[PDB]
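**Q** Pasting a structure here, questions to come.
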Amino acid sequence: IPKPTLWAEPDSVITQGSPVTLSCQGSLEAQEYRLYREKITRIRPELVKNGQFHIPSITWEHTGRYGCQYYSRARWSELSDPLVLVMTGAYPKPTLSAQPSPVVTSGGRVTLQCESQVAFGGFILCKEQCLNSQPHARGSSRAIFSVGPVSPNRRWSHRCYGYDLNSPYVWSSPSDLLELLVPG
């Protein structure tokens, strides 16, 4: 009856040609699990062991939006909330900078800019929680993101990525980390 939960361990953002487990968690009385991917495709039965889909080496093809259901008490459950599985590392890293400065006054805001030598369809900023930038169908070499208000009691560590609009779950190698200083 109750919709299952679908999660990824370590995370749902995975560095490339690497591995991760997708876990569909339903009733203890589940008789069968089915896992689907939209880029629906069905993840082969032999791959899903008790609702667990452990992955060997990720790829353009494994990235995308997953949902799972299980059967119990003569019903298929509803589909789980979608789990978005992203692979990183497919393109050269962009550069991440703070405009005007990564030193930010407590309660203030800053703009972080992601810039690339090769044009990308869009950019992603993640706090180490990711945000994408406006799409450009012809592509752009930079995106900007507003961050804050920043507090002195939290860490503000970000990386950015580029991606192609036709494969949005496949991202560049991450930019170098950028951390903000809130002076105290």
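**Q** Listing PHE123, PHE145, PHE53 from the residue with the fewest other Cβ atoms within 10 Å to the one with the most, what is the order? The partial results should precede the final answer.
**A** Working: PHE123 30, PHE145 18, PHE53 22.
Sorted ascending by nearby Cβ count, the order is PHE145, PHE53, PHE123.
**Q** Hey, another quick one. What's the exposure ranking of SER97, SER106, going from fewest to most Cβ atoms within 10 Å?
**A** The most exposed by this proxy come first: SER106, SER97.
**Q** Label the stretch 78-184 by shape, choosing from rounded, prolate and oblate, from the square roots a ≥ b ≥ c of the eigenvalues of the Cα gyration tensor; if a/c is under 1.5 it is rounded, and otherwise prolate applies when a/b is larger than b/c, oblate when it is not.
**A** oblate
**Q** Say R0 is 22 Å: what FRET efficiency, to the nearest 0.05, do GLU179 and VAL84 get from their beta-carbon distance? Present the calculation step by step, with values, prior to reporting the outcome.
**A** Working: r = 26 Å, r/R0 = 1.17.
Between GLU179 and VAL84 the formula returns 0.30.
**Q** Please give the FRET efficiency for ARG65 paired with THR105, using the beta carbon to beta carbon distance and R0 = 45 Å, rounded to the nearest 0.05.
**A** 0.70
**Q** Using alpha carbons only, how many angstrom separate the centre of the stretch 110-149 from the centre of the stretch 1-61?
**A** 29
**Q** For the stretch 1-123, state the average projected area of the convex hull of the C-alpha atoms over all orientations, rounded to one decimal in nm².
**A** Across all orientations, the stretch 1-123 yields a mean hull projection of 10.8 nm².
**Q** Here's something else I'd like to know. Put +1 on the Cβ of every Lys and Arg and -1 on every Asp and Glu Cβ in the stretch 69-176; which of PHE120, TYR161, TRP76 then has its Cα farthest towards the positive end of the dipole?
**A** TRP76
Every read-out reported here was derived from the displayed coordinates using simple, explicitly stated rules and does not represent laboratory data. Every residue, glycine among them, receives a Cβ derived from its backbone with ideal geometry; neighbour counts consider all protein chains shown.
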